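Chain naming follows the written order as A, B, C, D, E, F, G and H, and within any one chain the residues start at number 1.
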Amino acid sequence: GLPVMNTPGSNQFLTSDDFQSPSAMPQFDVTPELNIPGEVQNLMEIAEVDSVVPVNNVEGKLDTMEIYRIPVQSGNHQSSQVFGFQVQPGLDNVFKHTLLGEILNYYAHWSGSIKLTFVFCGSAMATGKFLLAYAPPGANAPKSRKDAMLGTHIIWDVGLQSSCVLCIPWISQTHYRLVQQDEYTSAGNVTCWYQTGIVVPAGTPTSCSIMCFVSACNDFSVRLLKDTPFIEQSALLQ
Amino acid sequence: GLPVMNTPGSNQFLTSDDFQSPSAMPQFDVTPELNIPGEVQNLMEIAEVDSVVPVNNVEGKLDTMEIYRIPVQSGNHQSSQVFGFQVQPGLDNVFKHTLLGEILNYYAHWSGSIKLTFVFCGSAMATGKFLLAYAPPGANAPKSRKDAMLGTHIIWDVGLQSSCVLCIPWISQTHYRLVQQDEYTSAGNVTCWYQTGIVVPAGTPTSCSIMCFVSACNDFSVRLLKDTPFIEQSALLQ
Amino acid sequence: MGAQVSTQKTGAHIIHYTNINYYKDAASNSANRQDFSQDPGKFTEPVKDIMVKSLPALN
Amino acid sequence: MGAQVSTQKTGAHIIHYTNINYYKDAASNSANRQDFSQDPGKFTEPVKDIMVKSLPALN
Amino acid sequence: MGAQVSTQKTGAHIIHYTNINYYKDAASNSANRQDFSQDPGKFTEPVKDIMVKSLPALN
Amino acid sequence: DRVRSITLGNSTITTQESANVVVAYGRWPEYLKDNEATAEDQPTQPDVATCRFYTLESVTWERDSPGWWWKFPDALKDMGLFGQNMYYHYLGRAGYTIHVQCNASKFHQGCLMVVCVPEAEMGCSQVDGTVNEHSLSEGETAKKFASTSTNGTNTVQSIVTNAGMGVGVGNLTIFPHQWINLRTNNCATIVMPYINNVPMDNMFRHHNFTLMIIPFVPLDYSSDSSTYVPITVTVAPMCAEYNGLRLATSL
Amino acid sequence: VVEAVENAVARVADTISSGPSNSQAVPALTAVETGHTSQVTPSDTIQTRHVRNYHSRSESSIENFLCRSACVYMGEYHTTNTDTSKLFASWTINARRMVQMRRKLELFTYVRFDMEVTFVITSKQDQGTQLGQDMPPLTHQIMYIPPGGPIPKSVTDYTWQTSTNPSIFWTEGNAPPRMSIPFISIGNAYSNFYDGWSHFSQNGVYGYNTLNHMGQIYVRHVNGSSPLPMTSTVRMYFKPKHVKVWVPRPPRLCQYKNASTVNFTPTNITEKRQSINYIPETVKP
Amino acid sequence: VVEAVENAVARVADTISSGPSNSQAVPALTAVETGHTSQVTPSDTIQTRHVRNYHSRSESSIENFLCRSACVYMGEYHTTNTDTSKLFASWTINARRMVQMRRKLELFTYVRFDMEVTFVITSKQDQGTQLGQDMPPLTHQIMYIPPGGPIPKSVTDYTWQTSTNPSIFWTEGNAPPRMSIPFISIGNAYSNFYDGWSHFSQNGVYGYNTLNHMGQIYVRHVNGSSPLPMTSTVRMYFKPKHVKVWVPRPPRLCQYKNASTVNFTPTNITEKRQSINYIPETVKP
């Protein structure tokens, strides 16, 4: 026959290869294709859908809906910070079980801009203004409205439009950051402060709540597939 | 299937082969190429860069900068030789740890012309002339200026231009010489003598030094890769 | 011989490959790894009246 | 079939070979051994004002 | 695909074969068995003045 | 042919005894362009307030001097608005013009090597130990080589023949470099572009390059010539860019 | 004949340069109550430079996400035993017993594809006081039985004739066996979730086990041998190809309980931290 | 379809004929202080004949210099033991433990390429007083784990399911396994030297170990066997291809000390001789 020679790699089983293989059912006739609504072509399509963030993940609230609600109230509370958290979309407890974090945890590298939407769920007679700020890394997190004022920020005015969008832009020295983030690939923090305060008329509740959604922008991508650490078993039949 | 027949060499691992092989990461997306300064395309490019030669490699100076300095002085010293050494760019102690020698020690055969540059580092008021000579092999090394005068030489006059270049041309019966040189592939020697002498005015130092650089010319090449004898270990984790 | 020649995956800042099909069933063919389409508006913008994004959402 | 025919390495003083790519990724291709370019002036002549080599360096 | 077709060795009183080169070096090619040249006069007739063979050698 | 003038910002350098100028790898500094950028926010470009000559402190070249080195950046983190911009941003980018000055009479003799070394990672004088940040750099003050082997905790192994890196010092000519030969010239000038494996980086965490000054031929003079001979460094950043504005960090 | 096929790579969008602004356009104000996700970019909210982005979303397509071999079953069987049922292994086909592949597939409501099936088979000498023998290489038989086929009773049953069932014979020491399977379901797609019953009176079997019905696998030794006992383990690996999926779903939060149901134990939303303001200090001397 | 590709060989420069001269052109006088290397040839300094030079600089290009397999790791692991951790081998990936490949790569500051990885695996019967058995051929599993993946605890850990991690299974007696790996780094090139810190306060981890982070390798036996003990050794070989390098550096003079640092012991510049004039006599009767 034709003379040949086998190279290293013969007779191995690589679980990510792509070869041709014989069919155990010759000439099988498959069921025709139906046009079902809602066909998915890329995982990033799921990542651009907003989902609610459990910002209030403190002790005693991990199994209640209060985990999603950020509290605010009227009176002089300018010195009190509203919330703050790190920007670690795949590692921090605040973000790792949202849709975006769930998609990221199948991968090792991510890149792109992130959208945070904030919605105010008070009565139609409450007014107020908030300052939403984002600080790139290199310094400690701000401890006052004056320090946070120096970063990338937006001043949200509550009105007939109930939702404001803070965009976190991709500011990084590398093209990609690790999903398992360390000191070297850090990305900074987000904080919120009272810009004026909440004012209400008589006969209205004085305490209110704000909610927060996260999603990915149209410049976002991931790479380097891996197994997720969120599912496990001890034996078969599970 | 198609009839074939296996030849000698099947199922071996040759460490210098070149075959195709399956990828364990299908469709991975690599980081874009950046245009960094200083791209290297050939090892010979490193060999044409001058580097300082430790000509004064005698006992007591192997760990000091004095190993690089050749001493000269005023007065009647015509009978004293300045320096001399063999032309063995990959084997002799004088040359084996310079850039050119370091590149050569990864190879077995070399060919081409060599450049030696000499720079005078005395005060601006010192004058003098030197004779730089190269003798092809076949005889013993000259013992006087008169004998060395008969070889390939240049008479260097110290002036506002501080550097003189002696070129050693490729004179050989074979196309290549062994990096591990023996009697059969010898190449000769270089020597230096006082042509007139060093003269200085009052108020100036009387002793001075000369330095020497080596590099390869534009007709130079090497072949027959091998491992180098300058690095070693006793166990892993080193 | 019914060969197909198509381009390889490379980077940005001799590159094509050939393929032959050997089996009579298309369920024996290798995976389709080089098709990259999207339609995100199906999930992110599923509304009847178009929203401009420079205009206010309501009113 | 997307074959490439190029010349073999020989000496100086029937000589070409053929190649086919089998895999979908270019990281699976064999080494690029037959490209010989140089730019030594990057390291040997990195000066702003050009030096003629027949003229004196200074003055 | 850079194939070569040449004639086979036969006798006297469907006969050709094909070859492909697979390796990048010509030192990997098979032997050159079908080249038959001669120049015997180099050893049998190495004289300055030509000798006719019908004429006497000397005189 | 020997005279030169260099202007940057509101600063100007003249010289009458120069040799030539070295452009590190034939590449002049330049700004980052769009098909090579990754960070998305619009950057700031101060452009005359940062791109100008700053002069460091001088050293005294004695008859027995092994040599000196500086680390860049972090030698310029307290120099005006360049340093202030370094404090407030996460990412920075810049090239440099370096100028070294040392004058002496026609009766002195000596020879200095001036070399720029990218990514000069250094070793500790305890083999199973690591260096402190203070041992690598004292800001605008130079660190000093030794003439013998060194001891001590957390300090750099600084015998001048190995250049703190485990190589032969006479090979440092593979890098961008010039020489100051006291009979020939009195200054050296090197233009260095931005050299990294990423388009931008943090200016506190990473030392981009080291400047080394090493006398190969020691300073020597006779009866009553001047004894005090100083060396001076002056560096100017070029095409400076910053990204990622937030509150000022603190060391 | 050669035919050129052109591949179009799809890279992500660039960012455009943007300057100051003072107008009535309000890109940042929205209303989530509509069910609409805002399509704003950094260029709408800050000042930006122009960037040419070359990144590609190639490794997050469905085909590249799903086309990787994964284990779905492991089983053991002996060469000699006194139980008559420990001499062969058998199971019902699905992808519900190993959690990684199951959870990955369950991000979508409906799926359709072909499969490439690989088997990995290993053997071992059983522990004993008397060891040492000279056995020839062992051979293995794998038979697939669609529903309604006769079932083997032992290792010498006539049913191993495999006249119409597809089988694989294999010898130890060679490369792992492999074959490809087309999309075989009486529906237009496989169903991962089914909120219904098997009986028209709204009772009987609930959920997934009503719809699958894709036969069984049986595996035996062929030698019929072994003076001293030995054990073999077979493992099955699945790889889907030519994929299509519909109707994405939120990923599984609770841990799996069994292979027949979606039953679970209540689990928290995430893990806790000290405070709603807490963020750790990392820049310290 | 066939496509011809033309290869250009690059040979070295010829030498031109040159005669006597008496002029003001001084090719031999230069000034090294400029940082410039003189481009003089023999024809500028002596009288020369014309030579047609046919030599080529083919074997000193970067690709031919670097494209050769080299060992980078060796490890051992047993079939049976009482330590539970000596039954598998594992390590963190780099090229810093074997000095030859390390020094060769370290002539350049930055490098970028693809890799071809080969494994060589051997086994042996452990020394004992009672020898002699009949084992089937041994099988080996190699699994690669990118950072963040679950880590195996033993040889029967669930993590060997390798649902998403790439693995190789192999049997003794066959050709050595092989696979190719693309350029995988979050930067634009691999970095061999890094003069910086991991923490923004200029402390923490110094140098190379800040930037690499490229996962781990685990290797085990598959049979789960061996009445009598046995030992296996695995060795890894790297070969780079499609190479690019930047910023050459002087070669390493001192001997290496560890794999995390550049630490060294002071070493001499070269070895000594008797005198600055000494050259041995070789032409004697």
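Just so we're on the same page, a contact is a pair of C-beta atoms (placed from the backbone, for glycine too) under 8 Å apart; a residue touches a chain by one contact, two chains touch by 3 or more.
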{"item": "Innermost chain by mean C-alpha position", "value": "H"}
{"item": "B-G or A-F, whichever has more C-beta pairs in contact", "value": "A-F"}
{"item": "Distance between chain centroids, defined by C-alpha means - subunit A, subunit H (Å)", "value": "40"}
{"item": "Interchain centroid distance [CA atoms averaged], subunit D/subunit F, Å", "value": "35"}
{"item": "Whole-Å gap separating subunit B and subunit H, where each centre is the average of the chain's CA atoms", "value": "25"}
{"item": "Sites on subunit C at which at least two other chains make contact", "value": "1, 3, 5, 9, 12, 14, 25, 27-31, 33-34, 36-38, 43-44, 56-58"}
{"item": "In subunit F, residues with contacts to at least two other chains", "value": "19-20, 22, 24-26, 36, 38, 40-41, 159, 161, 168, 170-171, 174, 176, 181, 184, 195, 197-199, 202, 204, 249-251"}
{"item": "Per-residue multi-chain contacts in subunit A, two or more chains", "value": "6-16, 18, 21-23, 28, 38-39, 41-42, 44, 46, 48-49, 106, 111, 113, 137-140, 152, 161, 163, 169-170, 174-176, 183, 219, 223-225, 227, 232-233"}
{"item": "Contact set on subunit D toward subunit H in their complex", "value": "1-7, 9, 12, 25, 27-38, 43-47, 51, 53-58"}
{"item": "Subunit A partner contacts - residues on subunit G that touch it in the complex", "value": "12-13, 15, 26-33, 37-42, 44-46, 48, 53, 55-57, 59-62, 64-65, 67-70, 73-74, 97-100, 103, 107-108, 110, 112, 116, 118, 120, 144, 166, 174-176, 178-189, 237, 239, 244-248, 250-253, 255-259, 266, 268-279, 281-283"}
{"item": "Interfacial residue positions of subunit F with respect to subunit A in the complex", "value": "38-41, 89-91, 198-202, 204, 243-250"}
{"item": "Touch list for subunit B against partner subunit C, complex", "value": "26-35"}
{"item": "Subunit G to subunit F touching residues, read off their complex", "value": "14-15, 17-18, 42, 46-52, 54, 283, 285"}
